[PDB]
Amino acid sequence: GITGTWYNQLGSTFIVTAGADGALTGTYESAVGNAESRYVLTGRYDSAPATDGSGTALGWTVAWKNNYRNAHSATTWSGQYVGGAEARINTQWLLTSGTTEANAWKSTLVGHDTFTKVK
């Protein structure tokens, strides 16, 4: 279900494996921002979700440092997987940059990403 390759509305690529233990592991490649190529992600998901039609809660983190570039920032996505004919992961995210203490008020962006397995 969750395991596979997903794309968000920006064209970013989220390759994830959902482990039986509730673990999420994989790579994220952002189409935007101070990022290039793949970054490691790790996360957790509800491996025993409700059976009443509710989505599956999940979250994951990317710290935007790889072998090529370091943005000194990290994003967490929090959301739920909705299965079915048109599988989607609906997320909201927080991106925090490292700042000085005086600039901490503007450290964190918020947004929302929707992932499907298409394009």
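All residue numbers are counted from 1 along the displayed sequence.
If you average the C-alpha B-factors over 107 to 115 and over 18 to 26, the higher value belongs to 18 to 26. If you compare the C-alpha temperature factors of 67, 92, 75, 42 in the entry, 67 comes out highest. Of all the options 58, 71, 50, 62, the entry's greatest CA B-factor is assigned to 50.
Ranked against the other modelled residues of its chain, the C-alpha B-factor of residue 79 as given in the entry falls in the lowest third. Sorting the modelled residues of the chain by their CA temperature factor places residue 96 in the lowest third.
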